[PDB]
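Have a look at input29.txt below; it lists compact mmCIF, C-alpha atoms.
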```txt
# COMPACT_ATOMS: atom_id res chain seq x y z
CA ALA A 2 -25.53 3.19 13.26
CA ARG A 3 -22.94 0.68 14.28
CA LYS A 4 -19.85 1.58 12.29
CA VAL A 5 -17.41 -1.12 11.27
CA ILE A 6 -13.81 -0.10 11.66
CA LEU A 7 -10.51 -1.51 10.36
CA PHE A 8 -7.40 -0.23 12.20
CA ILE A 9 -4.25 -2.04 11.18
CA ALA A 10 -0.57 -1.47 10.39
CA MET A 11 1.22 -2.73 7.31
CA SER A 12 4.45 -2.18 5.33
CA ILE A 13 4.68 -0.13 2.12
CA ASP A 14 4.26 -3.49 0.29
CA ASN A 15 1.07 -4.28 2.24
CA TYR A 16 2.39 -6.99 4.54
CA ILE A 17 0.89 -7.19 8.06
CA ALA A 18 3.29 -9.77 9.50
CA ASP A 19 6.17 -11.85 8.44
CA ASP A 20 6.16 -15.38 7.30
CA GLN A 21 5.83 -16.45 10.99
CA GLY A 22 3.00 -14.04 11.86
CA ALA A 23 5.60 -11.89 13.74
CA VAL A 24 5.16 -8.05 13.78
CA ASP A 25 8.53 -7.10 15.28
CA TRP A 26 10.02 -5.75 12.02
CA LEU A 27 7.05 -3.44 11.62
CA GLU A 28 7.53 -2.22 15.22
CA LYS A 29 11.31 -1.86 14.66
CA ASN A 30 10.64 0.64 11.80
CA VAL A 31 8.84 3.35 13.76
CA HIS A 32 10.99 6.49 13.92
CA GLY A 33 10.27 8.85 16.82
CA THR A 34 8.63 8.88 20.20
CA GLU A 35 5.65 11.27 19.71
CA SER A 36 2.24 10.10 20.91
CA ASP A 37 -0.65 9.05 18.65
CA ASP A 38 -4.24 8.82 19.86
CA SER A 39 -5.87 6.87 16.97
CA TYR A 40 -5.89 3.67 18.89
CA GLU A 41 -7.36 5.07 22.13
CA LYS A 42 -9.87 7.17 20.16
CA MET A 43 -11.12 4.21 18.07
CA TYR A 44 -11.09 1.91 21.08
CA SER A 45 -13.30 4.26 23.07
CA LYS A 46 -16.00 4.07 20.35
CA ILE A 47 -16.26 0.26 20.10
CA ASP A 48 -18.12 -2.33 22.14
CA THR A 49 -17.06 -5.31 19.99
CA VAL A 50 -13.93 -6.83 18.49
CA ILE A 51 -14.04 -9.48 15.76
CA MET A 52 -11.03 -11.62 14.88
CA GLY A 53 -9.94 -15.07 13.69
CA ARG A 54 -8.55 -17.87 15.83
CA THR A 55 -4.85 -17.16 15.18
CA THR A 56 -5.17 -13.45 15.98
CA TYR A 57 -7.03 -14.36 19.23
CA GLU A 58 -4.26 -16.69 20.24
CA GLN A 59 -1.58 -14.12 19.37
CA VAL A 60 -3.34 -11.32 21.30
CA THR A 61 -4.01 -13.47 24.37
CA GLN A 62 -0.38 -14.64 24.43
CA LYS A 63 1.84 -11.88 22.99
CA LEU A 64 -0.21 -8.70 23.62
CA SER A 65 -1.97 -9.47 26.91
CA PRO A 66 0.66 -9.18 29.71
CA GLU A 67 -1.62 -9.46 32.79
CA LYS A 68 -5.00 -10.52 31.35
CA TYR A 69 -6.78 -10.58 27.98
CA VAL A 70 -6.29 -7.10 26.50
CA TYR A 71 -9.85 -6.90 25.10
CA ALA A 72 -11.61 -8.47 28.09
CA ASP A 73 -13.40 -5.13 28.46
CA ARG A 74 -15.23 -5.65 25.09
CA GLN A 75 -17.39 -8.29 23.39
CA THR A 76 -15.23 -10.63 21.33
CA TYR A 77 -16.27 -12.70 18.29
CA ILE A 78 -13.85 -15.37 17.15
CA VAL A 79 -14.64 -16.36 13.54
CA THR A 80 -13.45 -19.92 13.25
CA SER A 81 -14.66 -23.44 12.49
CA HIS A 82 -13.14 -24.56 15.85
CA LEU A 83 -15.79 -25.45 18.41
CA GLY A 84 -14.72 -23.31 21.41
CA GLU A 85 -16.56 -22.60 24.63
CA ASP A 86 -18.73 -19.44 24.52
CA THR A 87 -18.87 -17.05 27.42
CA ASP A 88 -20.76 -13.95 28.23
CA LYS A 89 -17.88 -11.99 26.65
CA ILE A 90 -16.57 -14.34 23.94
CA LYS A 91 -18.53 -15.97 21.14
CA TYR A 92 -17.27 -18.47 18.58
CA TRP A 93 -18.78 -17.83 15.11
CA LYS A 94 -18.77 -20.70 12.62
CA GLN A 95 -20.49 -18.88 9.75
CA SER A 96 -18.97 -16.29 7.41
CA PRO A 97 -17.56 -12.98 8.70
CA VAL A 98 -19.97 -11.18 6.26
CA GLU A 99 -23.00 -12.90 7.88
CA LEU A 100 -21.69 -11.87 11.34
CA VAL A 101 -21.29 -8.24 10.44
CA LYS A 102 -24.74 -8.03 8.78
CA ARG A 103 -26.39 -9.51 11.86
CA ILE A 104 -24.52 -7.26 14.28
CA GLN A 105 -25.50 -4.19 12.27
CA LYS A 106 -29.19 -5.03 12.87
CA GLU A 107 -28.53 -4.99 16.62
CA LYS A 108 -28.38 -2.34 19.28
CA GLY A 109 -24.86 -1.17 20.21
CA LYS A 110 -21.71 0.82 19.47
CA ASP A 111 -18.95 0.42 16.88
CA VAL A 112 -17.13 -2.74 15.82
CA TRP A 113 -13.42 -3.32 15.30
CA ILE A 114 -12.28 -5.92 12.76
CA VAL A 115 -8.81 -6.83 14.17
CA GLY A 116 -7.58 -9.52 11.77
CA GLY A 117 -6.35 -11.53 10.09
CA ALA A 118 -6.54 -11.20 6.29
CA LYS A 119 -9.19 -14.00 5.99
CA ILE A 120 -11.54 -11.98 8.18
CA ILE A 121 -10.75 -8.53 6.75
CA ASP A 122 -10.59 -9.26 3.02
CA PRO A 123 -14.14 -10.56 2.65
CA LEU A 124 -15.53 -7.61 4.60
CA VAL A 125 -13.76 -5.10 2.31
CA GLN A 126 -14.93 -7.03 -0.79
CA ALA A 127 -18.48 -6.81 0.57
CA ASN A 128 -18.05 -3.01 1.13
CA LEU A 129 -18.96 -3.50 4.81
CA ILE A 130 -16.13 -1.46 6.37
CA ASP A 131 -17.32 2.12 7.25
CA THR A 132 -13.97 3.53 8.37
CA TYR A 133 -10.46 2.48 7.40
CA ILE A 134 -7.54 3.62 9.57
CA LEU A 135 -4.55 2.25 7.68
CA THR A 136 -1.04 2.83 9.11
CA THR A 137 1.86 2.42 6.72
CA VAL A 138 5.22 1.69 8.27
CA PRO A 139 8.38 2.96 6.44
CA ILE A 140 9.64 -0.46 5.31
CA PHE A 141 9.37 -2.83 2.38
CA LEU A 142 9.02 -6.20 4.15
CA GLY A 143 9.58 -8.18 0.90
CA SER A 144 7.53 -11.26 1.98
CA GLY A 145 5.05 -12.35 4.67
CA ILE A 146 1.26 -12.15 5.15
CA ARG A 147 -0.30 -9.71 2.74
CA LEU A 148 -3.55 -7.84 3.39
CA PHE A 149 -5.95 -7.14 0.46
CA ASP A 150 -4.17 -9.76 -1.64
CA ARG A 151 -6.89 -10.18 -4.21
CA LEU A 152 -10.30 -8.84 -3.39
CA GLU A 153 -11.64 -9.53 -6.95
CA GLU A 154 -14.04 -6.51 -6.76
CA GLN A 155 -13.40 -2.79 -7.19
CA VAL A 156 -14.12 -1.01 -3.93
CA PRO A 157 -14.00 2.80 -4.26
CA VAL A 158 -13.49 4.69 -0.96
CA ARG A 159 -13.11 8.34 0.13
CA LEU A 160 -10.11 9.95 1.79
CA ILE A 161 -11.17 11.67 5.05
CA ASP A 162 -7.66 12.56 6.32
CA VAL A 163 -3.98 11.73 6.18
CA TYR A 164 -1.07 12.51 8.48
CA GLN A 165 2.29 11.29 9.75
CA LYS A 166 3.44 10.36 13.28
CA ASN A 167 6.89 8.90 13.92
CA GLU A 168 7.29 8.41 10.09
CA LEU A 169 4.15 6.24 10.02
CA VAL A 170 1.47 7.33 7.53
CA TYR A 171 -2.02 7.29 8.92
CA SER A 172 -4.57 7.18 6.09
CA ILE A 173 -8.22 7.43 7.04
CA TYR A 174 -10.78 6.39 4.41
CA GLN A 175 -14.50 6.19 4.53
CA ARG A 176 -17.00 3.96 2.69
CA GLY A 177 -18.14 5.72 -0.49
CA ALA B 2 24.93 12.86 -7.14
CA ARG B 3 22.48 11.50 -9.64
CA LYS B 4 19.39 10.64 -7.63
CA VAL B 5 17.16 7.81 -8.73
CA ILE B 6 13.49 8.58 -8.43
CA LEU B 7 10.32 6.46 -8.48
CA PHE B 8 7.09 8.42 -9.07
CA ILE B 9 4.09 6.19 -9.60
CA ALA B 10 0.40 5.85 -8.72
CA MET B 11 -1.22 2.75 -7.30
CA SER B 12 -4.43 1.63 -5.54
CA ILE B 13 -4.71 1.00 -1.79
CA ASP B 14 -4.03 -2.68 -2.64
CA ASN B 15 -0.84 -1.77 -4.55
CA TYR B 16 -2.04 -2.34 -8.09
CA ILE B 17 -0.62 -0.05 -10.82
CA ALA B 18 -2.88 -1.17 -13.67
CA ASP B 19 -5.59 -3.61 -14.33
CA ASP B 20 -5.32 -7.00 -15.83
CA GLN B 21 -5.01 -5.32 -19.29
CA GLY B 22 -2.37 -2.76 -18.26
CA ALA B 23 -5.15 -0.09 -18.31
CA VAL B 24 -4.96 2.83 -15.77
CA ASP B 25 -8.42 4.31 -16.34
CA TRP B 26 -9.92 3.04 -13.05
CA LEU B 27 -7.10 4.70 -11.14
CA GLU B 28 -7.75 7.96 -13.03
CA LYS B 29 -11.53 7.62 -12.47
CA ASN B 30 -10.95 7.62 -8.65
CA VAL B 31 -9.39 11.06 -8.27
CA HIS B 32 -11.73 13.36 -6.35
CA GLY B 33 -11.24 17.09 -6.93
CA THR B 34 -9.70 19.47 -9.40
CA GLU B 35 -6.87 21.11 -7.37
CA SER B 36 -3.42 21.27 -8.96
CA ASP B 37 -0.41 19.18 -7.90
CA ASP B 38 3.15 20.04 -8.86
CA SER B 39 4.98 16.77 -7.96
CA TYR B 40 5.16 15.68 -11.52
CA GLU B 41 6.45 18.97 -12.97
CA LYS B 42 8.87 19.38 -10.04
CA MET B 43 10.36 15.87 -10.42
CA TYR B 44 10.41 16.16 -14.20
CA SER B 45 12.41 19.38 -14.07
CA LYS B 46 15.19 17.61 -12.09
CA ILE B 47 15.69 14.62 -14.43
CA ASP B 48 17.67 14.17 -17.62
CA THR B 49 16.87 10.46 -18.03
CA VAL B 50 13.88 8.12 -18.00
CA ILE B 51 14.23 4.34 -17.72
CA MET B 52 11.39 1.97 -18.56
CA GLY B 53 10.56 -1.46 -19.98
CA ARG B 54 9.31 -2.22 -23.48
CA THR B 55 5.59 -2.37 -22.62
CA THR B 56 5.65 0.95 -20.75
CA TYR B 57 7.47 2.55 -23.72
CA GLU B 58 4.84 1.31 -26.10
CA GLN B 59 2.02 2.47 -23.82
CA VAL B 60 3.54 5.95 -23.35
CA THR B 61 4.28 6.43 -27.05
CA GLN B 62 0.73 5.37 -27.96
CA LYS B 63 -1.63 6.31 -25.11
CA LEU B 64 0.19 9.23 -23.41
CA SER B 65 1.91 10.96 -26.35
CA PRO B 66 -0.80 12.87 -28.31
CA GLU B 67 1.42 14.86 -30.74
CA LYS B 68 4.89 13.33 -30.28
CA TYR B 69 6.76 11.17 -27.76
CA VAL B 70 6.08 12.74 -24.35
CA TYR B 71 9.66 12.20 -23.08
CA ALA B 72 11.44 13.13 -26.32
CA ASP B 73 12.99 15.98 -24.33
CA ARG B 74 14.93 13.47 -22.11
CA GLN B 75 17.30 10.52 -22.54
CA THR B 76 15.36 7.26 -22.61
CA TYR B 77 16.61 3.78 -21.69
CA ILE B 78 14.40 0.87 -22.67
CA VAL B 79 15.34 -2.21 -20.62
CA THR B 80 14.40 -5.14 -22.80
CA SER B 81 15.86 -8.18 -24.53
CA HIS B 82 14.32 -6.88 -27.83
CA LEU B 83 16.96 -5.67 -30.26
CA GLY B 84 15.68 -2.15 -31.11
CA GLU B 85 17.39 0.63 -33.00
CA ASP B 86 19.35 3.06 -30.77
CA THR B 87 19.26 6.78 -31.34
CA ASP B 88 20.91 9.75 -29.83
CA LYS B 89 17.96 9.96 -27.42
CA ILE B 90 16.87 6.32 -27.00
CA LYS B 91 19.00 3.38 -25.94
CA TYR B 92 17.98 -0.26 -25.72
CA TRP B 93 19.53 -2.00 -22.66
CA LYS B 94 19.76 -5.78 -22.71
CA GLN B 95 21.44 -6.22 -19.31
CA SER B 96 19.81 -5.95 -15.88
CA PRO B 97 18.15 -2.72 -14.68
CA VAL B 98 20.50 -2.85 -11.60
CA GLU B 99 23.59 -2.85 -13.88
CA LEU B 100 22.13 0.12 -15.81
CA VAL B 101 21.52 2.21 -12.74
CA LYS B 102 24.99 1.48 -11.28
CA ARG B 103 26.66 2.54 -14.51
CA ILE B 104 24.58 5.70 -14.88
CA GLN B 105 25.41 6.71 -11.30
CA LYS B 106 29.12 6.72 -12.22
CA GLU B 107 28.38 9.21 -15.02
CA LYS B 108 27.98 12.94 -15.24
CA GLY B 109 24.36 14.20 -15.25
CA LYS B 110 21.12 14.98 -13.45
CA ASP B 111 18.45 12.78 -11.85
CA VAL B 112 16.87 9.60 -13.21
CA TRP B 113 13.22 8.58 -13.29
CA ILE B 114 12.31 4.88 -13.16
CA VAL B 115 8.89 4.91 -14.90
CA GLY B 116 7.89 1.24 -14.92
CA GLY B 117 6.84 -1.45 -15.04
CA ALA B 118 7.10 -3.72 -11.98
CA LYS B 119 9.94 -5.83 -13.55
CA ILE B 120 12.09 -2.72 -13.79
CA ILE B 121 11.11 -1.16 -10.44
CA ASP B 122 11.09 -4.19 -8.15
CA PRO B 123 14.73 -5.17 -8.64
CA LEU B 124 15.87 -1.59 -8.10
CA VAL B 125 14.01 -1.36 -4.77
CA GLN B 126 15.38 -4.78 -3.70
CA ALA B 127 18.86 -3.48 -4.49
CA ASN B 128 18.18 -0.30 -2.39
CA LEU B 129 19.03 1.84 -5.45
CA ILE B 130 16.03 4.21 -5.32
CA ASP B 131 16.95 7.53 -3.57
CA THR B 132 13.50 9.11 -3.55
CA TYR B 133 10.08 7.45 -3.62
CA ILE B 134 7.04 9.55 -4.55
CA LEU B 135 4.20 7.07 -4.12
CA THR B 136 0.62 8.22 -4.90
CA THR B 137 -2.18 6.15 -3.46
CA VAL B 138 -5.53 6.41 -5.18
CA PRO B 139 -8.72 5.93 -3.05
CA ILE B 140 -9.72 2.55 -4.51
CA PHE B 141 -9.22 -1.14 -3.89
CA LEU B 142 -8.69 -2.45 -7.44
CA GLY B 143 -9.04 -6.12 -6.35
CA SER B 144 -6.82 -7.56 -9.15
CA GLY B 145 -4.34 -6.42 -11.82
CA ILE B 146 -0.59 -5.71 -11.96
CA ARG B 147 0.87 -5.38 -8.50
CA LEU B 148 3.97 -3.35 -7.65
CA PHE B 149 6.39 -4.62 -4.94
CA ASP B 150 4.84 -8.08 -5.16
CA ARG B 151 7.65 -9.92 -3.45
CA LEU B 152 10.94 -8.16 -3.09
CA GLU B 153 12.41 -10.95 -0.85
CA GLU B 154 14.60 -8.42 1.07
CA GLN B 155 13.73 -5.97 3.85
CA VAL B 156 14.25 -2.44 2.61
CA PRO B 157 13.89 0.17 5.39
CA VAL B 158 13.17 3.74 4.17
CA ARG B 159 12.52 7.16 5.78
CA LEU B 160 9.38 9.26 5.53
CA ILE B 161 10.25 12.78 4.27
CA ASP B 162 6.65 14.06 3.82
CA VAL B 163 3.04 13.10 3.28
CA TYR B 164 0.03 15.01 2.01
CA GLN B 165 -3.27 14.74 0.16
CA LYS B 166 -4.44 16.31 -3.12
CA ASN B 167 -7.81 15.42 -4.65
CA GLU B 168 -8.08 12.49 -2.13
CA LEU B 169 -4.80 11.04 -3.44
CA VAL B 170 -2.14 10.37 -0.79
CA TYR B 171 1.31 11.49 -1.76
CA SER B 172 3.94 9.69 0.34
CA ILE B 173 7.54 10.75 -0.12
CA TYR B 174 10.22 8.39 1.22
CA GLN B 175 13.94 8.57 1.09
CA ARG B 176 16.63 5.86 1.05
CA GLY B 177 17.73 5.12 4.63
```
How does this structure look as structure tokens?
Amino acid sequence: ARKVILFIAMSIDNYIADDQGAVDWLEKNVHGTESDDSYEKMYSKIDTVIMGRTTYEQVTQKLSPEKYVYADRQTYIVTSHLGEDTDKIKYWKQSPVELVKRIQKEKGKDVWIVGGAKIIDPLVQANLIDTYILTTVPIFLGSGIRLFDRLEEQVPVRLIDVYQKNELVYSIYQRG
Amino acid sequence: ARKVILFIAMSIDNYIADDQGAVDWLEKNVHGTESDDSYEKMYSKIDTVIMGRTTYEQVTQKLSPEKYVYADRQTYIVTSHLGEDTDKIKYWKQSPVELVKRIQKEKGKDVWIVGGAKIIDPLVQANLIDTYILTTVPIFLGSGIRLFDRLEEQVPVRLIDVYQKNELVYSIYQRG
């Protein structure tokens, strides 16, 4: 099966960025220099990334230093904006839930839901995430963009594992 | 020094109770029967509990089956209600921050901040919590009473430890 994965960092108070969409205060609050392999491990298992228009713009600008960081995967951009599709990038004007259900009926590997909250929240509400890798950073941010603001459904999950690297808590949950 | 401790359970989405103030869906989502000693350990170190009027009423009714569960400690009830003080219970009409600063200048042991969010949030904003024992339950609640809703200050903390019992994540942070 094509597993749907959420791998994201957030503050103790469940903010993923500040007011501006900046992540620098989350990055500032890592304590230590030890390696973690969650990202490389997850990334090796996916063939597809799904994200909204703002996250796409942020990643292409701020994260990609020499070319688009996820050029080596299939990208869906879930947006009402009418962009130009390519062999590697597809603009999706329907709901994220409809995208994920269609993908799951297709041949392939795993799928990473990158962000933002408008993409992620409906997929959790729909119980369509298979694996949650949630990284808590040792900071109360006090304001900003909150993830899981108000899902309006109970979604029970199961704890697979938990550990700490550089004072970050890595919590790994699975769909019940 | 008199350390100020927060020991509370919440969902992945940072809810501490439902809409009604009920905690039964958090309790329902524990998976396993192994013992944990965090509560007894913390409780042994305190001489004082501080809580708001609703939490006091809930604990005296729902948690105390044969007499007030925290009768063996000094209780502060932070409320504008004019209750009747006793040798073991004191009604505090000023801010929770003023209470904690005064207590800290006095002789004694540690202090537990029980709840609710109106008591806890200002104390975190003020950086007055020394130890955080935060227990995440494997559930998105989707609505209810949220803790750390909007502290409006950055509060960096340090991860002391993290572990799992019965699929609950116990994260222990210390004041920076």
Contacts of residue 99 of chain B at 12 Å (all atoms listed in the file; same-chain gap of 2+ positions) as a PyMOL selection string: chain B and resi 79+93-97+101-106+120+123-124+127+129
I'd like the interatomic distance between atom CA of residue 6 of chain A and atom CA of residue 88 of chain A, to a tenth of an Å.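 Pair atom CA of residue 6 of chain A / atom CA of residue 88 of chain A returns 22.7 Å.
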Pick from A:142, A:72, A:151, A:51 nearest to residue 122 of chain A, counting only C-alpha atoms: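 Closest residue, counting only C-alpha atoms: A:151.
Contacts from chain B to chain A at a cut-off of 7 Å (only C-alpha atoms) map to residues 14, 139, 140, 141, 142, 143, 144, 149, 151, 152, 153, 154, 155, 156, 157, 158, 159, 160, 163, 164, 165 and 168 of chain B.
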d(atom CA of residue 16 of chain B, atom CA of residue 117 of chain B) in Å: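 Calculated distance between atom CA of residue 16 of chain B and atom CA of residue 117 of chain B is 11.3 Å.
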Chain B in the frame of chain A after Cα least-squares fit, as a short mmCIF file (atom, residue, chain, number, x, y, z; two decimals) with C-alpha atoms, in the frame of the given file:
```cif
data_model
loop_
_atom_site.label_atom_id
_atom_site.label_comp_id
_atom_site.auth_asym_id
_atom_site.auth_seq_id
_atom_site.Cartn_x
_atom_site.Cartn_y
_atom_site.Cartn_z
CA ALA B 2 -25.54 3.19 13.25
CA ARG B 3 -22.94 0.67 14.28
CA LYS B 4 -19.85 1.57 12.28
CA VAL B 5 -17.41 -1.12 11.28
CA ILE B 6 -13.81 -0.10 11.66
CA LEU B 7 -10.51 -1.51 10.37
CA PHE B 8 -7.40 -0.23 12.19
CA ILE B 9 -4.25 -2.04 11.18
CA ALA B 10 -0.57 -1.47 10.39
CA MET B 11 1.22 -2.72 7.31
CA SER B 12 4.45 -2.18 5.33
CA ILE B 13 4.68 -0.14 2.12
CA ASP B 14 4.26 -3.48 0.29
CA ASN B 15 1.07 -4.29 2.24
CA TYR B 16 2.39 -6.98 4.54
CA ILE B 17 0.89 -7.19 8.06
CA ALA B 18 3.29 -9.77 9.50
CA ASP B 19 6.17 -11.84 8.44
CA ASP B 20 6.16 -15.38 7.30
CA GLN B 21 5.83 -16.45 10.99
CA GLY B 22 3.00 -14.03 11.86
CA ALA B 23 5.60 -11.90 13.74
CA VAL B 24 5.16 -8.05 13.78
CA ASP B 25 8.52 -7.10 15.28
CA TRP B 26 10.02 -5.76 12.01
CA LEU B 27 7.05 -3.44 11.62
CA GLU B 28 7.53 -2.23 15.21
CA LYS B 29 11.31 -1.86 14.66
CA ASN B 30 10.64 0.64 11.80
CA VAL B 31 8.85 3.35 13.76
CA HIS B 32 10.98 6.49 13.91
CA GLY B 33 10.26 8.85 16.81
CA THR B 34 8.63 8.88 20.20
CA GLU B 35 5.65 11.27 19.71
CA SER B 36 2.24 10.10 20.91
CA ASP B 37 -0.65 9.05 18.66
CA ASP B 38 -4.24 8.82 19.86
CA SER B 39 -5.87 6.86 16.96
CA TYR B 40 -5.89 3.67 18.89
CA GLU B 41 -7.36 5.08 22.13
CA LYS B 42 -9.87 7.17 20.16
CA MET B 43 -11.12 4.21 18.07
CA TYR B 44 -11.09 1.91 21.08
CA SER B 45 -13.30 4.26 23.08
CA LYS B 46 -16.01 4.07 20.35
CA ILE B 47 -16.25 0.26 20.10
CA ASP B 48 -18.12 -2.33 22.13
CA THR B 49 -17.06 -5.31 19.99
CA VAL B 50 -13.93 -6.83 18.49
CA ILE B 51 -14.04 -9.48 15.76
CA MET B 52 -11.03 -11.62 14.88
CA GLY B 53 -9.94 -15.06 13.69
CA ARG B 54 -8.55 -17.87 15.83
CA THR B 55 -4.85 -17.16 15.18
CA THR B 56 -5.18 -13.46 15.99
CA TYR B 57 -7.02 -14.36 19.22
CA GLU B 58 -4.26 -16.69 20.24
CA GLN B 59 -1.58 -14.13 19.38
CA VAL B 60 -3.34 -11.32 21.30
CA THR B 61 -4.01 -13.47 24.37
CA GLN B 62 -0.38 -14.63 24.43
CA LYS B 63 1.84 -11.88 22.99
CA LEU B 64 -0.21 -8.70 23.61
CA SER B 65 -1.97 -9.48 26.91
CA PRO B 66 0.66 -9.18 29.71
CA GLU B 67 -1.62 -9.46 32.80
CA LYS B 68 -5.00 -10.52 31.35
CA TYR B 69 -6.78 -10.58 27.98
CA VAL B 70 -6.29 -7.10 26.50
CA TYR B 71 -9.86 -6.89 25.10
CA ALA B 72 -11.62 -8.47 28.09
CA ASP B 73 -13.40 -5.13 28.46
CA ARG B 74 -15.22 -5.65 25.09
CA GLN B 75 -17.38 -8.29 23.39
CA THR B 76 -15.23 -10.63 21.32
CA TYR B 77 -16.27 -12.69 18.29
CA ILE B 78 -13.85 -15.37 17.15
CA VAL B 79 -14.64 -16.36 13.55
CA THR B 80 -13.46 -19.93 13.25
CA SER B 81 -14.67 -23.43 12.48
CA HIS B 82 -13.14 -24.56 15.85
CA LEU B 83 -15.79 -25.45 18.40
CA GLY B 84 -14.72 -23.31 21.41
CA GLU B 85 -16.56 -22.61 24.63
CA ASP B 86 -18.73 -19.44 24.53
CA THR B 87 -18.87 -17.05 27.43
CA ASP B 88 -20.75 -13.94 28.23
CA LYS B 89 -17.88 -11.99 26.65
CA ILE B 90 -16.57 -14.35 23.94
CA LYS B 91 -18.53 -15.97 21.14
CA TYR B 92 -17.27 -18.47 18.58
CA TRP B 93 -18.78 -17.83 15.10
CA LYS B 94 -18.76 -20.69 12.62
CA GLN B 95 -20.49 -18.87 9.75
CA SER B 96 -18.97 -16.29 7.41
CA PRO B 97 -17.56 -12.97 8.70
CA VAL B 98 -19.97 -11.18 6.26
CA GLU B 99 -23.00 -12.90 7.88
CA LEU B 100 -21.69 -11.87 11.33
CA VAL B 101 -21.29 -8.24 10.44
CA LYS B 102 -24.74 -8.04 8.78
CA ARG B 103 -26.40 -9.51 11.86
CA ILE B 104 -24.52 -7.26 14.28
CA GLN B 105 -25.51 -4.19 12.26
CA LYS B 106 -29.18 -5.03 12.86
CA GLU B 107 -28.54 -4.99 16.63
CA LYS B 108 -28.38 -2.34 19.28
CA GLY B 109 -24.85 -1.17 20.22
CA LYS B 110 -21.72 0.82 19.47
CA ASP B 111 -18.95 0.42 16.88
CA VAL B 112 -17.13 -2.74 15.82
CA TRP B 113 -13.42 -3.32 15.30
CA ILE B 114 -12.27 -5.92 12.76
CA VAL B 115 -8.82 -6.83 14.17
CA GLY B 116 -7.58 -9.51 11.77
CA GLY B 117 -6.35 -11.52 10.10
CA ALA B 118 -6.54 -11.20 6.30
CA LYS B 119 -9.19 -14.00 6.00
CA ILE B 120 -11.54 -11.98 8.19
CA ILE B 121 -10.75 -8.53 6.75
CA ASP B 122 -10.58 -9.26 3.02
CA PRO B 123 -14.14 -10.56 2.65
CA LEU B 124 -15.52 -7.61 4.59
CA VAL B 125 -13.77 -5.10 2.31
CA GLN B 126 -14.94 -7.03 -0.80
CA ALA B 127 -18.47 -6.81 0.57
CA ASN B 128 -18.06 -3.01 1.13
CA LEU B 129 -18.97 -3.50 4.82
CA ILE B 130 -16.13 -1.46 6.37
CA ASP B 131 -17.31 2.12 7.25
CA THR B 132 -13.98 3.53 8.37
CA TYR B 133 -10.45 2.48 7.40
CA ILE B 134 -7.54 3.62 9.57
CA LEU B 135 -4.55 2.25 7.67
CA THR B 136 -1.04 2.82 9.11
CA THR B 137 1.86 2.42 6.73
CA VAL B 138 5.22 1.69 8.27
CA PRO B 139 8.38 2.96 6.44
CA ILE B 140 9.64 -0.46 5.31
CA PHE B 141 9.37 -2.83 2.38
CA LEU B 142 9.02 -6.20 4.14
CA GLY B 143 9.58 -8.18 0.90
CA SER B 144 7.53 -11.26 1.98
CA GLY B 145 5.05 -12.35 4.67
CA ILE B 146 1.26 -12.16 5.15
CA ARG B 147 -0.30 -9.71 2.75
CA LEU B 148 -3.55 -7.84 3.39
CA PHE B 149 -5.95 -7.14 0.46
CA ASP B 150 -4.17 -9.76 -1.64
CA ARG B 151 -6.89 -10.18 -4.21
CA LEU B 152 -10.30 -8.85 -3.39
CA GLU B 153 -11.64 -9.53 -6.95
CA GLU B 154 -14.04 -6.52 -6.76
CA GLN B 155 -13.40 -2.79 -7.19
CA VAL B 156 -14.12 -1.02 -3.93
CA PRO B 157 -14.00 2.80 -4.26
CA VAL B 158 -13.49 4.69 -0.96
CA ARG B 159 -13.11 8.35 0.13
CA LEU B 160 -10.10 9.95 1.79
CA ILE B 161 -11.17 11.68 5.05
CA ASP B 162 -7.65 12.57 6.33
CA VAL B 163 -3.98 11.73 6.18
CA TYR B 164 -1.07 12.51 8.47
CA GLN B 165 2.29 11.29 9.76
CA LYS B 166 3.43 10.36 13.28
CA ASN B 167 6.89 8.90 13.92
CA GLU B 168 7.29 8.41 10.09
CA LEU B 169 4.15 6.25 10.03
CA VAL B 170 1.47 7.33 7.54
CA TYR B 171 -2.02 7.30 8.92
CA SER B 172 -4.58 7.18 6.09
CA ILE B 173 -8.23 7.43 7.05
CA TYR B 174 -10.78 6.38 4.41
CA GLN B 175 -14.50 6.19 4.53
CA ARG B 176 -17.00 3.97 2.69
CA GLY B 177 -18.14 5.72 -0.50
#
```
Please work out which residues fall within 9 Å of (19.1, 10.5, -10.7), coordinates as given in the file, with only C-alpha atoms counting, and return them as number ranges by chain. B: 2-6, 46-49, 101, 104-105, 109-113, 130-131
Quick one: pull the distance between atom CA of residue 98 of chain A and atom CA of residue 121 of chain A, Å, one decimal.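 These two atoms are separated by 9.6 Å.
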Which residue, B:43, B:74, B:116, B:134, has the smallest gap to residue 58 of chain B when you use all atoms listed in the file?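 For residue 58 of chain B, the nearest of the candidates is B:116.
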Between B:33, B:118, B:11, B:84, which residue has the minimum interatomic distance to residue 52 of chain B, considering all atoms listed in the file?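 For residue 52 of chain B, the nearest of the given residues is B:118.
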Using all atoms listed in the file, which of A:36, A:81, A:59, A:45 sits nearest residue 115 of chain A?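 Of A:36, A:81, A:59, A:45, the one nearest residue 115 of chain A, counting all atoms listed in the file, is A:59.
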Which residues are close to residue 78 of chain B, i.e. within 9 Å by all atoms listed in the file, leaving aside same-chain residues fewer than 2 positions away? Reply as a list in words. residues 50, 51, 52, 53, 54, 56, 57, 76, 80, 90, 91, 92, 93 and 94 of chain B
